[PDB]
Amino acid sequence: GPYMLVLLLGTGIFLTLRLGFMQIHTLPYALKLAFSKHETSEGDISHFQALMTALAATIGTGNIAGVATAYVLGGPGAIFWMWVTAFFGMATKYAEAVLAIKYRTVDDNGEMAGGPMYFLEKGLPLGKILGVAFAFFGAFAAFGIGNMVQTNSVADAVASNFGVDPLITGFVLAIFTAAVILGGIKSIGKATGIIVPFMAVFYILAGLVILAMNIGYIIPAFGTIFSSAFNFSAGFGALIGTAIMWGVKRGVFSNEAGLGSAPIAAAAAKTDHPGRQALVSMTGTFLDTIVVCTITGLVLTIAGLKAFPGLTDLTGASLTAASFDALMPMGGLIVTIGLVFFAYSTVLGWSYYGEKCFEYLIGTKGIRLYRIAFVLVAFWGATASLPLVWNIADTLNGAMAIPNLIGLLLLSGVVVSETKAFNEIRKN
Amino acid sequence: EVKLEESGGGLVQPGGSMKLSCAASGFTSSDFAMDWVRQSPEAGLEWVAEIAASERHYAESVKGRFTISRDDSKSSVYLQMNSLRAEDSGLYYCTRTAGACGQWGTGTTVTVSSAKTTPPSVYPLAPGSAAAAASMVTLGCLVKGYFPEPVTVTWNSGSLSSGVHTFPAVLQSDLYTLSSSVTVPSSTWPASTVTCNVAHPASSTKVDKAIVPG
Amino acid sequence: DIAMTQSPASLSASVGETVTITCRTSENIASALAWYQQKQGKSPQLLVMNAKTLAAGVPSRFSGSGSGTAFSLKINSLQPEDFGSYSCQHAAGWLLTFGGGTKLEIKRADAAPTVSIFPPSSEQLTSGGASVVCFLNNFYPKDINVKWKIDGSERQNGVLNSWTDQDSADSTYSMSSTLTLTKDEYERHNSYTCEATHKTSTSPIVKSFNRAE
């Protein structure tokens, strides 16, 4: 059950201790390298194009609506525990990308295939059993968080606000999905490279616009978040179920910490060493949770700090859009616009995430099947009725989570050695 | 403020069908997800259906026999029922959902029974000849043999509102029976006329009985 | 399915006291439990949301607490306006379930019934039937026994009893006991009697009439 979350967060605590709080010092260099200009050494696409591919998958409706779901049920204090999910989760994502160095390219051009299902093959053979298990789960799990959750949320959210959108929104999402992922990951890095920054800057500015117009409410909005999350007034640590569980559960969903489905893209990077790309991948959490998610959470609390009528019982994506429309002139149109690119980005990314993990099982023979399936399920997901899809999504993600976490625990000795190699190169 | 008015209730035979409606106002039907909650004649309170603007969820008890729909253009929610059972009898309530059911509706009533609509017979209740002639007299009206609910009973066209008791109907084999009691000073009766005003909307019957002593 | 059992199923509170109502559930449900109050001819009224959080416009006397496997709705200084049924609901999932309900009634000083008995109408007899009606009005408490004696011999079955909701004004109950017979069976006997046994008196209240008048 939910014990996996204590396991997932536990690795974050563990690796941070074993890696000695690496994330705080390496972050600026990693950030500069991630967006640095000019490198071609055995890879499918750039370091930057790898990050934007991963961020495309990492940024999704969980950033828009998944936070709202946590804000309502877990209270505003869930944001702080979403932060804890990312900060300690940085160490997890780094270990994921480092161990992605034990990757072998596949036939049918370089394409390259790296991921936790491969680590386990290079573990201490049982690993062959864990890796094929990981691929079995992830091949399915991509349809949940990566396809159906994102494609349904936009379809319905567009129907509420613009309403001339039955399946039409599903059709356009499928066509634009096939066009990009037709040209494999090389096409993705092109599309995800242009889309993601335009997407993130569009949003983030509107949030900083909202913060600008309501400067005074900023620090109290932080206050209610910190006052909550540590509000033991009710129950002996019974906020575990209220704020902490929803913060962690929805936090892992947005930034994708201990899931083992984040490096799938880092492997395609043109990287000299694991540490070169693994530092760029560690920024996956930071941009999602501490930046994008925090922007969403700040508006939500600010709406709650204000009065505003009728938003008290709003489901999720509609709440945030209403929270934006309340504070900004066209904030409602902004959020629903962002939701389209936020979800579409995540469709393309997790397609590759599922492709390479699928091909582990069947080889490149069925790669054509996975893509056409992903396109069709994207269409069906917008039309079908998936009210509790998030619930079945989180279960698949947890199923994916169990094996990879075991590897990161066991292979901590490998990375800490491999880290002491790269940081030695970092003095030259 | 916010408005939710349900409509469309009625009497329908088992296996039959009908669709309910809930005209909504005072807010944005499109942004909020809506529910149908039903209360049986015994204060059951049972959840029936969910909808947001695209996808829907149903209770296992009615899965496949109910269809919840929405029309954000007309700001109304529907609930279509087919292959109805006796257990589907209840007050069907309209509401908006998220974690708690905050804004509820008026309620509309469904009765699922093979019984046949039959108008009431209204008989006057006047005390026996050897009454004790106490300071106050108590008179009555008996409304028996009617289906389906409801009946509305007033005394002297609403002039007599104090000291009246209309008892809840009791159902015995396909028919309802109801009685109502009024108390007035013995000075008034029979000197001043006391009349019983009974109305059964389903049968389009309105009848007045004057209470006369024996 | 989550089964929520409320206790006590019904209670009567002497006005101005404090009372505590419990909603108990099959499995842990975190803080996702909500409370309603419903009155005759009305939809449920939300009192407390998310176990403890307070809904606006509901008086401060209402407070709820608990999480998981223990929930309580607490009313401090009851008032006659609190008469009604109290229901609990949980938000675990989307198939939100409810409790069986708790009926809140009011205590008053005991008062004896005002018994009245009516013979069958002349119209009903010509229609082939005869109903004998006994009215027991404005009495407290609800616990009452009505016995029908026909010609001195008790009649067990054939009686329809109906009770009113507690009176809003004076907190008194009322009931009507109707004994229904065919005309031929009614005309077979002479004396119909209505015996009301209540805690107010050791000796019952007897009202009767004879058909031979």
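All of the numbers you see were taken from the coordinates with simple rules; none came from a lab. As a convention, Cβ positions derive from the backbone with ideal geometry for all residues, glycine included, and neighbour counts pool all protein chains shown.
Quick notes on this one:
- Residues with amide H under 5 Å from that of A:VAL106, placed H, sequence gap 5 or more: A:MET112, A:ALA113
- Proximal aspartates and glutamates relative to B:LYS116, as straight alpha-carbon distance under 20 Å, when same-chain residues fewer than 8 apart are discounted: B:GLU87, B:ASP88, B:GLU149, B:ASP174
- Other-chain or far-sequence residues with amide H under 5 Å of B:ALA33's (modelled H): A:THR315, B:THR97
- Region A:1-86: projected area of the alpha-carbon convex hull, averaged over directions, in nm²: 8.1 nm²
- Using θ = phi - 60° and Karplus 6.51 cos²θ - 1.76 cosθ + 1.60, couplings along region A:155-169 (whole Hz; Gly, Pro as x): 4, 5, 4, 6, 5, 5, 7, 10, x, 9, 9, x, 7, 3, 5
- Evaluated at q = 0.14, 0.23 Å⁻¹: base-10 log I(q)/I(0), Debye formula over Cα of region B:145-206: -0.46, -0.96
- Computed from backbone phi with θ = phi - 60° and the Karplus coefficients 6.51, -1.76 and 1.60, the 3J(HN,Hα) list for region A:66-71 is x, 5, 4, 3, 6, 4 Hz; x is used for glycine and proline.
- Volume in Å³ per residue [convex hull over Cα atoms, computed for the protein assembly as shown]: 188 Å³
- Partner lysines whose Cα lies under 29 Å from the Cα of A:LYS37, excluding those fewer than 8 positions away in the same chain, are identified as A:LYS93, A:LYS102, A:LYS186, A:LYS190, A:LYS270, A:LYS356, A:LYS420, A:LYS427.
- Dipole orientation for chain B: of the candidates B:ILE68, B:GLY99, B:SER21, B:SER21 has the Cα lying most toward the positive pole (charges on Cβ; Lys, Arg +1; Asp, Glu -1).
- Principal axis dimensions, chain A - Cα atoms, whole angstrom, descending: 58, 47, 43
- Those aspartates and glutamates that a straight Cα-Cα span of less than 12 Å connects to A:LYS365, excepting residues fewer than 8 apart in one chain: A:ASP107, A:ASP108, A:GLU355
- FRET efficiency, 1/(1 + (r/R0)^6) with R0 51 Å, evaluated for C:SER14 and A:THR395 via beta carbons: 0.50
- Principal axes of chain C: Cα extent on each, largest first, Å: 70, 36, 27
- Cα-projected label distance for C:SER122 with C:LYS42, points at 7 Å along beta-carbon direction, nm: 4.6 nm
- Packing, taken as the mean count of other beta carbons within 10 Å per residue, orders the peptides B:136-149, B:154-167 from highest to lowest as B:136-149, B:154-167.
- Pairs of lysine residues in chain C that meet both criteria, 8 or more places apart or on different chains and Cα atoms under 20 Å apart, total 18.
- Since only A:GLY366, A:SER385, A:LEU405 are under comparison, the one whose Cα sits farthest along the positive direction of the charge dipole of region A:294-428, derived from C-beta charges on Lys, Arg, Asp and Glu, is A:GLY366.
- Magnitude of the charge dipole, chain B, Cβ model with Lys/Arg +1 and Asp/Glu -1, debye to 20: 540 debye
- Peptides A:376-383, B:39-46, A:285-292 ordered by average Cβ neighbours within 10 Å, highest first: A:285-292, A:376-383, B:39-46
- For the pair C:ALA112 and C:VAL58, a Förster radius of 35 Å applied to the C-beta separation gives a FRET efficiency near 0.40, rounded to the nearest 0.05.
- Formal net charge of residues neighbouring B:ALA202 (Cβ-Cβ distance under 13 Å; K, R +1; D, E -1): +1
- Relative contact order of chain C, defined on C-alpha pairs under 8 angstrom at six or more residues apart (%): 17 percent
- Cα-based Kirkwood hydrodynamic radius, region C:109-213, one decimal, Å: 14.4 Å
- In order along region C:66-78, phi translates into HN-Hα couplings of x, 7, x, 10, 8, 10, 9, 9, 10, 10, 9, 6, 4 Hz, rounded to whole numbers, per the Karplus curve 6.51 cos²θ - 1.76 cosθ + 1.60 with θ = phi - 60° and x for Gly and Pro.
- Residue of B:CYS101, B:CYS22, B:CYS196 that the Gaussian network model of chain B assigns the largest fluctuation, springs spanning Cα pairs under 10 Å: B:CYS101
- Within chain A, helix-based [θ] at 222 nm, where runs of 4 or more DSSP H residues each add -39,500 (n - 2.57), nearest 500: -22000 deg cm²/dmol
- For C:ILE106, nonlocal amide neighbours, meaning residues 5 or more places apart or on other chains whose placed amide H falls under 5 Å from its own, are C:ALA13.
- Choice from B:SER89, B:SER54, B:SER76 with maximal GNM fluctuation in chain B (Cα, 10 Å cutoff): B:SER54
- Rg/Rg_ref, region A:232-346, where Rg_ref = 2.2 N^0.38 Å and atoms are Cα: 1.33
- Between region B:115-156 and region A:110-182, the C-alpha centres lie 71 angstrom from each other.
- Nitroxide proxy distance, nm - points 7 Å out along Cα→Cβ at B:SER25 and A:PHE232: 5.3 nm
- Legend: translational diffusion of region A:290-398 by Stokes-Einstein, Rh = Kirkwood radius over C-alpha pairs, 20 °C, 1.002 mPa s; D = 129 µm²/s.
- Counting Cβ atoms of other protein chains within 10 Å of each residue's Cβ and taking the mean over peptide B:54-63 gives 5.
- Simple label model, 7 Å out from Cα along Cβ direction - B:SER129 to C:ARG211, nm: 1.6 nm
- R0 of 35 Å, Cβ-Cβ distance B:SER73-A:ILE175: FRET efficiency to nearest 0.05: 0.85
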